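Student:
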Amino acid sequence: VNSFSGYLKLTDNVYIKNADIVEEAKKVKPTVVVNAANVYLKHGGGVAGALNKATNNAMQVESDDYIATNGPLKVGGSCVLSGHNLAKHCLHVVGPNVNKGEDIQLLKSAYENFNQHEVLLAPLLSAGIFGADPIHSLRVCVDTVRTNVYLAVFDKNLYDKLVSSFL
Ligand SMILES: OC[C@H](CC(F)(F)F)Nc1ncnc2[nH]ccc12
Ligand SMILES: [Cl-]
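First residue of the sequence shown? That's 1025 in UniProt numbering, and the numbers climb one at a time after it.
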């Protein structure tokens, strides 16, 4: 039993909800919140910009030190950093960004990072400003993640569309 509330159960382990991931994280304070990151950990817009703003830019400060030490992530890769005031940890995961010409096949690799954590709050990888089809992202999530994932989807039309089309 966990403290996630109001989710629709799609499969044994995947749940979904229309919610702002920022407001969700502040309420649940999950062990892990997933950020929709880029390889430079520059949290300028989308989920990343929103999560960073909620940390008063502390996420960006920590991220800049991470990059200065380690260099950029790989597309499909991840790193674990602090969750600041939002969660214990933030798993920064880089899905492919279609608006940059990146290979959508890397979306499965991106979701594989979730399997290293027993429970996660997350957005749909490569959705939104990363320019991929969110129905496809949800399908890859369900077919790749085996741990318990609670998906927040900020857009109700999409949320309703995601539910009604789910196979
Ligand atoms: O796939 C990314 C997803 C796209 C869409 F909005 F349509 F759901 N974006 C988000 N999902 C959940 N919380 C969020 N907070 C800020 C942005 C954001
Ligand atoms: Cl977005």
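Positions of the beta carbon are idealized from the N, C-alpha and C atoms, including for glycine.
1) Should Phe1138 and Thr1093 be called a contact, given that it needs their Cβ atoms to be closer than 8 Å?
2) Among the residues of its own chain, which have a CB less than 6 Å from the CB of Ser1133, if the five just before and after it don't count?
3) Please determine whether the Cβ atom of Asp1044 lies at a distance below 7 Å from any heavy atom of ligand 1.
4) The alpha helix (DSSP H) with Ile1091 in it runs from where to where?
5) Going residue by residue through the stretch 1147 to 1177, where are the continuous alpha helix (DSSP H) segments of at least 4 residues, counting only ones entirely within it?
6) Beta strand (DSSP E) containing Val1038: first to last residue?
7) Taking 7 Å as the cut-off, is the beta-carbon of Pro1158 closer than that to any non-hydrogen atom of ligand 1?
8) Using only the heavy atoms of ligand 1, determine whether one of them is closer than 7 Å to the beta carbon of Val1117.
9) Under 8 Å, do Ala1146 and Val1173 count as touching if we go by C-beta distance?
10) Just mark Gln1129 as buried or exposed, buried being the case when its beta carbon has 16 or more other beta carbons within 10 Å.
11) According to the Cβ coordinates, are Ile1091 and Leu1110 closer than 8 Å?
12) Which residues bound the beta strand (DSSP E) around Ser1133?
13) For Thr1079, count neighbouring C-beta atoms within 10 Å of its own C-beta (all shown protein chains included) and say buried if the count is 16 or more, exposed if not.
14) Is it buried or exposed, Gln1084, if we count other Cβ atoms within 10 angstroms and call 16 or more buried?
15) If we ignore side chains and look at the alpha-carbon of each, how far apart do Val1038 and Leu1148 end up?
16) Under 8 Å between the Cβ atoms of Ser1102 and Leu1131?
Tutor: In short, the structure shows the following:
1) Mapped onto the sequence shown, residue 1138 falls at position 114. Mapped onto the sequence shown, residue 1093 falls at position 69. Their beta carbons are not under 8 Å apart, which means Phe1138 does not touch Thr1093 by this criterion.
2) Within the sequence shown, residue 1133 is the residue found at index 109, counting from 1. Closer than 6 Å at Cβ, skipping near neighbours: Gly1100.
3) Locating residue 1044 in the sequence shown gives position 20, where the first residue counts as 1. Yes, since a heavy atom of ligand 1 falls inside the 7 Å radius drawn around the Cβ of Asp1044.
4) Counting from 1 along the sequence shown, the entry for residue 1091 is found at position 67. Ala1082 to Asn1094 is the extent of the alpha helix (DSSP H) around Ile1091.
5) 1158 to 1168
6) Indexing the sequence shown from 1 puts residue 1038 at position 14. Membership of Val1038 in the beta strand (DSSP E) is indicated by the continuous run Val1038 to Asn1042.
7) Counting from one through the sequence shown, the residue named residue 1158 turns up at place 134. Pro1158 Cβ: within cutoff of ligand 1.
8) Position 93 of the sequence shown holds residue 1117. No; taking the cut-off as 7 Å, the Cβ of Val1117 has no heavy atom of ligand 1 nearer than that.
9) The count along the sequence shown starts at 1 and reaches residue 1146 at position 122. The count along the sequence shown starts at 1 and reaches residue 1173 at position 149. Yes, they are a contact pair.
10) The residue given as residue 1129 occupies position 105 in the sequence shown. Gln1129 is exposed by the Cβ-count criterion.
11) Within the sequence shown, the letter at position 67 stands for residue 1091. Within the sequence shown, the letter at position 86 stands for residue 1110. For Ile1091 and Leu1110, no; Cβs fall outside 8 Å.
12) Your numbering for residue 1133 matches position 109 in the sequence shown. Unbroken run through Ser1133 is the alpha helix (DSSP H), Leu1130 to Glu1136; no beta strand (DSSP E).
13) For this step, residue 1079 is matched to residue 55 along the sequence shown. Label assigned to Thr1079: buried.
14) Within the sequence shown, residue 1084 is the residue found at index 60, counting from 1. Buried: at least 16 other Cβ atoms inside 10 Å.
15) Position 14 of the sequence shown, counted from the start, is the residue given in the question as residue 1038. Position 124 of the sequence shown, counted from the start, is the residue given in the question as residue 1148. The alpha-carbon atoms of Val1038 and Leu1148 are separated by roughly 12 Å.
16) The residue given as residue 1102 occupies position 78 in the sequence shown. The residue given as residue 1131 occupies position 107 in the sequence shown. The answer is no: Cβ separation not under 8 Å.
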